[PDB]
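Peer 1:
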Amino acid sequence: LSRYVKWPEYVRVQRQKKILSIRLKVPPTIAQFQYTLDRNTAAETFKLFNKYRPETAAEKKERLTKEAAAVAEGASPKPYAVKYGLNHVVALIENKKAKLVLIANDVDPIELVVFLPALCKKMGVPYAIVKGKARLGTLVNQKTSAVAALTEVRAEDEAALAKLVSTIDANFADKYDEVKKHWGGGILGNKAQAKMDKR
Amino acid sequence: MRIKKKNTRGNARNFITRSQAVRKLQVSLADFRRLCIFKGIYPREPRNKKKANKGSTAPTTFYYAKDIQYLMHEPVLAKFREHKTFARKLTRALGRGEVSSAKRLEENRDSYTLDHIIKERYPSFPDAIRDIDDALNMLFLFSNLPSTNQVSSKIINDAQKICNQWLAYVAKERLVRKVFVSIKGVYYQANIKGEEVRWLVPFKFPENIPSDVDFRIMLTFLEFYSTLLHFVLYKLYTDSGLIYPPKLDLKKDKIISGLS
Amino acid sequence: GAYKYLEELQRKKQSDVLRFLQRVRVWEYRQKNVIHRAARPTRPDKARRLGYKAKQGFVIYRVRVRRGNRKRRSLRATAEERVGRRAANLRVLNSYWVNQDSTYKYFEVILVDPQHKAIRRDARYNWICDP
Amino acid sequence: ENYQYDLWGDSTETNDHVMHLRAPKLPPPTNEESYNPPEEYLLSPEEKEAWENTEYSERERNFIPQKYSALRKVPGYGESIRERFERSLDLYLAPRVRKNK
RNA sequence: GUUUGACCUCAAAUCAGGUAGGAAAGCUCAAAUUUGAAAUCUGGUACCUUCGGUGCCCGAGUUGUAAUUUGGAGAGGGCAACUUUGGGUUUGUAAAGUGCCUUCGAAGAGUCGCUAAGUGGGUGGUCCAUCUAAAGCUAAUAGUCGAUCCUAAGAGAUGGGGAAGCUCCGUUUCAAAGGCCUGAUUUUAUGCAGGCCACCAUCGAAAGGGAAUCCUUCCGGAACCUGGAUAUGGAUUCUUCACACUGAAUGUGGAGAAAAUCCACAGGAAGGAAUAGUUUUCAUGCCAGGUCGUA
RNA sequence: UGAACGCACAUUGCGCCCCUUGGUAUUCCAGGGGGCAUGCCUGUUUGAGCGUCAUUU
């Protein structure tokens, strides 16, 4: 018969792209984004980054209205928050101000972030490819965020950020720096590995 | 006219079934049941059940289509939709890890009110006095009940407050006419505005809650009955010159906590 | 800024990264309709250069047109005219090149909505609201 | 101010429509339900087992009469929630029919 | 955690508001971080002094909306005991201008010419001269007879594709193409769960199929057809579907004869009793029948 | 009636939704009023997809 009618076209194309993702031989610059932080390092990174979440619109408005109401009747330290926005973070990286840069691995126009690991390594800025662009937006109060960064940290968490940077250097940089520059995606299916690898 | 069709008009246009009514209202079955409970809508029995259902002898439930047409315009259905949207947005707020916005969302919310429904169910006070029988039965059942996962402490406290206020008014006005102590509880019959009102109060003993029963329905029934009593008690207190709601004596409440 | 890197990268269209991406994307495009709506620009830097703002009232359509001068006139002009006919309530701002085959060329057309208040109330873009 | 005004006021409006069917109250309790009924109302063991074996919807009486010599001896009723639940289920699931008895 | 939830892409609504069809003068973006604070904007709602304003709320947006900058450069700082000020009343340590000092100082690619460069590049001149592309704005007589209903050969929308276009192809095609049923209200407490079925709109006959009127529409008498709500009698025989005589999903047969339309058969779901049990293909009783043509 | 907008149209044919009124009237009949085209944009609400993820104090 014609059983294809059990999938709409968008579902079928959506799964065909998934198959093509693992069957095609992807170049190293696009292949490196499959190597991300593991469970423990990613869980520890988001514990530090969730303590410097920027104020939402409502909280900032309330804080400003309290000051306004105080003034209407009759010396603060610099704030701390996670830096986001692609242009802002890229400008921070090339000025050597970012202490740690998280790069999402699922940016749909992937060319928006392909240069970012190379720029971070060239400029001597610690970086980590983190699985999930929607998870970087939670600590930014946006639906998605391509990147996130930490420029300044409170003196209580200075040791934690250094330890996290060392952990990422040992687990992510020094571990993948040889396989990062190899073509990926040459996964063979069973019906194909049975007839090529065996024969 | 050409020939007309069969099973299309007459005894089949004024009786629509449960599935048809639910899909016409574009609402779930639970919310349909809640609306029927609130509005007092009940199933019917057409004289020709083989014609109301289009030539089929399969069992089904009929609902008097005009009742569903009236139910279409109820402002409580819109409030149900608004609550669904609020629940979705609150779930999104918590799921993102942002708790301040979740608290802000819960602060900015308003629930439905059953005032107009009670007015149209009972156009006059005597009708409320007629249904106050079963209203009081349900409230006095909930008053003597331990709090659990489904029924909360605040619900039972509100029911107990309403029961205590009703008992205090009846004792103040000396309206008790008959009493009957049975194995199920105590039946009291009073004379409210020329009507005989009989209600059952269970004995104050620990209850054994069966897992068989569905408190999801009893909670809606209690929600309707509590508002009915709120309005009826206000009317009764204000007609007699008393102040409403009555002041709670916190010193005497700590010893016995009853009508006194 | 990040747009300089994107502009310098898009200048190498036969390099491994862009050749792979174009090979996948042209197949993906051929499965959709001839004229469809893009969720967002495929080349945001080029859209910014051509005058695209990420605000309400800016629309992107992807369109493919057959190549060749035989029949058994510019291709960009035909693409823009078909897109404008599809969306008659908008004005064709610009368009750029995204992909090409041996059979089709693919363009992304930037349109503006004159009836949106975000375009009516700003002096930098309400020139296109004039008839 | 929730529910702090007069709803009905002085109105005497009626809801006497042809298809307004009111639930016919609930029958009053009888002598056998009393906590200290006359001795003749108690069931014999054979009658008790006949009631016990009958289906819950086929029982003519939903309880077994008991006699207590004092008020303090009376136990809390067991099937108290279930009776209210059944009444509320009937109030919106039981078809209502006009009839001339 | 076999759970719960964030996004991404794609959908739908007679969803809220809109839109299309036809007939003499200079300037503005992009390109270098507001990061000590998306400072920006549509919409809903309530008021007001209503081509708009304010408060509140849902959203768009960091894959970038505001302020600043456009080689004529420009920017960040510093010094003048420098100069200036909006809106129908102004005010904020707010927005600018001139001179000097100091630290910096981007520039449009399937584009120029198969496919680039950055003291680059374009065009001219017998090494020199002159401009700065690949972005944008800018004034000067009928219930009964026919149609109406149905489909026939065929024509022809939707989905999709071609063509500069007026439009053409293709008729069920890699279309999310719609109806019905069940349920105590759905087990971390009242935010729908499960199941069934397949296949395409519509047009096309006053000679085809088709419910009913005669002595064909008015008058008198007499009679049928279809649809509906209902009441009475009888049957359903000890109390529960007969020797009128219940019958769901599902699957077939006859009439029509391509379809509309009518009937029946297998099947066994479900329902039926003590001051009116269930059914009413048995009989009687009530009401109604629009539009167009009619010489 | 016409770009002409519920569907058709060589017929002055055939429907659906909401409100309301009148005749024996909860069921039937009729009258009156208001709606139901397509492409696209912004927003609202309701969804689909083992598409990408997270998920032990």
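Residue numbers (the deposited numbering), protein chains in the order written: chain G, 46 to 119, 125 to 249; chain n, 1 to 260; chain N, 2 to 73, 96 to 154; chain m, 304 to 404.
Think of the CB as a built atom: it goes at the ideal place given N, C-alpha and C, for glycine as much as any other residue.
For the region 32-45 of chain n, which residues have a CB atom closer than 9 Å to at least one CB atom of chain m, in sequence order?
Peer 2: Hits within the stretch, in order: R33, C36, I37, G40, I41, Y42, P43, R44 and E45.
Peer 1: Use the C-beta contact count for n:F205: other C-beta atoms within 10 angstroms, 16 or more gives buried, fewer gives exposed.
Peer 2: Counting Cβ neighbours within 10 Å, n:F205 comes out exposed, since fewer than 16 surround it.
Peer 1: Which of the three DSSP states is assigned to N:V60 in this structure?
Peer 2: Of the three classes helix, strand and coil, the one that applies to N:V60 here is strand, per DSSP.
Peer 1: Less than 9 Å separating the beta-carbons of G:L150 and G:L69?
Peer 2: Not in contact: G:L150 and G:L69 (Cβ atoms no closer than 9 Å).
Peer 1: Taking N:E104 as part of the alpha helix (DSSP H), name the residues at either end of that continuous run.
Peer 2: N:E104 -> alpha helix (DSSP H) spans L98 to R109.
Peer 1: Specify whether the region 125-135 of chain n and the region 218-234 of chain n touch according to this definition: at least 3 beta carbon pairs, one from each stretch, less than 8 Å apart.
Peer 2: Touching, yes, given that three or more Cβ pairs across the two stretches are closer than 8 Å.
Peer 1: Step through the CB atoms of chain m and report whether any lies within less than 9 Å of the CB of n:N157.
Peer 2: Chain m, which has no Cβ nearer than 9 Å to the Cβ of n:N157, makes this no.
Peer 1: Along the chain, where does the beta strand (DSSP E) containing N:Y127 start, and where does it finish?
Peer 2: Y127 to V135 is the span of the beta strand (DSSP E), which, as asked, contains N:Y127.
Peer 1: Does DSSP put N:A146 in a helix, a strand or coil?
Peer 2: Of the three classes helix, strand and coil, the one that applies to N:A146 here is coil, per DSSP.
Peer 1: Nearest-angstrom Cα distance between m:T357 and n:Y225?
Peer 2: Cα to Cα, m:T357 sits roughly 34 Å from n:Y225.
Peer 1: Does the separation of the CB atoms of G:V190 and G:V139 fall below 9 Å?
Peer 2: No. Outside cutoff.
Peer 1: Under the three-state reduction of DSSP, which class applies to N:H37: helix, strand or coil?
Peer 2: In this structure, N:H37 counts as strand in the three-state DSSP scheme.
Peer 1: Between the Cα of n:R174 and the Cα atoms of n:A159, n:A190 and n:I183, which residue gives the shortest distance?
Peer 2: Out of n:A159, n:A190 and n:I183, n:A190 has the C-alpha closest to the C-alpha of n:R174.
Peer 1: For the 8 Å Cβ check, are there 3 or more pairs between the region 40-60 of chain N and the region 172-183 of chain G?
Peer 2: Too few Cβ pairs lie closer than 8 Å, so no.
Peer 1: Can you give me the start and stop residues for the alpha helix (DSSP H) that n:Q150 sits inside?
Peer 2: Where n:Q150 is concerned, there is no enclosing alpha helix (DSSP H), given that its DSSP letter is neither H nor E.
Peer 1: Cβ of m:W311 less than 9 Å from any chain n Cβ?
Peer 2: Yes, its Cβ sits closer than 9 Å to a Cβ of chain n.
Peer 1: Less than 6 Å between C-beta atoms, sequence neighbours within five positions excluded: which residues of the same chain meet that for n:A168?
Peer 2: Result list for n:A168: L259, in chain order.
Peer 1: Just to make sure I have the definition right: I need the residues of chain n whose C-beta is within less than 9 Å of the C-beta of m:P398. Which are they?
Peer 2: In chain order: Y42, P43, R44, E45, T61 and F62.
Peer 1: Would you mind telling me which residues of chain n sit closer than 9 Å to G:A103, beta carbon to beta carbon, in chain order?
Peer 2: Chain n residues near G:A103: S100, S101 and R104.
Peer 1: Please report the distance separating the alpha-carbon of m:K402 from that of n:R47.
Peer 2: m:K402 and n:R47: Cα-Cα distance of roughly 12 Å.
Peer 1: Could you please tell me which residues of the region 124-151 of chain n, in chain order, have their CB closer than 9 Å to any CB of chain m?
Peer 2: Going along the region 124-151 of chain n in chain order, one finds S124, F125, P126, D127, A128, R130, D131, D133, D134, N137, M138, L141, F142, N144 and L145 with a Cβ nearer than 9 Å to chain m.
Peer 1: So which residues on chain m does n:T238 lean against when the C-beta distance must stay under 8 Å?
Peer 2: Ordered by position in chain m, the residues that pass the 8 Å Cβ test against n:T238 are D309.
Peer 1: With a threshold of 9 Å between beta-carbons, can G:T188 be considered close to chain n, or not?
Peer 2: Judged by the 9 Å Cβ criterion, G:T188 is in contact with chain n.
Peer 1: m:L392 lies in the alpha helix (DSSP H); which residues open and close that run?
Peer 2: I384 to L396 is the span of the alpha helix (DSSP H), which, as asked, contains m:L392.
Peer 1: Taking 9 Å as the threshold (beta carbon to beta carbon), is m:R362 in contact with chain n?
Peer 2: Taking Cβ atoms only, chain n never reaches closer than 9 Å to m:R362, which makes this a no.
Peer 1: Would the C-beta of n:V22 count as close to the ligand NAD, meaning under 8 Å from any of its heavy atoms?
Peer 2: Absence of the ligand NAD is noted for the structure shown, with no ligands found whatsoever.
Peer 1: Taking 9 Å as the threshold (C-beta atoms), are n:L114 and n:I68 in contact?
Peer 2: No, these two residues do not count as a Cβ contact at 9 Å.
Peer 1: List the whole-angstrom C-beta distance separating G:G235 from G:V71, where the pair is believed to meet the contact cut-off of C-beta under 8 Å.
Peer 2: About 4 Å separates the two Cβ atoms, so the contact holds.
Peer 1: Can you tell me which of N:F130, N:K72 and N:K56 puts its alpha carbon nearest to the alpha carbon of N:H139?
Peer 2: Per the Cα distances, N:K56.
Peer 1: How is the beta strand (DSSP E) around G:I160 delimited, first residue to last?
Peer 2: Run containing G:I160: none; DSSP gives neither H nor E here.
Peer 1: Taking the beta carbon of G:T90 as the centre, do at least 16 other beta carbons fall within 10 Å, making it buried, or is it exposed?
Peer 2: Burial call: buried.
Peer 1: Name the DSSP bridge partner or partners of n:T17?
Peer 2: DSSP, once it has assigned bridges, lists n:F62 as partnering n:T17.
Peer 1: For G:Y80, I'd like the list of residues in its chain whose CB is within less than 8 Å of its CB, leaving aside the five on either flank, ordered along the chain.
Peer 2: Only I179, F222, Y226, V229 and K230 meet the Cβ criterion.
Peer 1: Go ahead and pull the three-state DSSP assignment for residue 261 of chain n.
Peer 2: Outside the displayed span of chain n (1 to 260) sits residue 261 of chain n, for which this structure offers no information.
Peer 1: Any beta carbon of chain n sitting closer than 9 Å to that of m:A326?
Peer 2: Yes, m:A326 counts as interfacial toward chain n.
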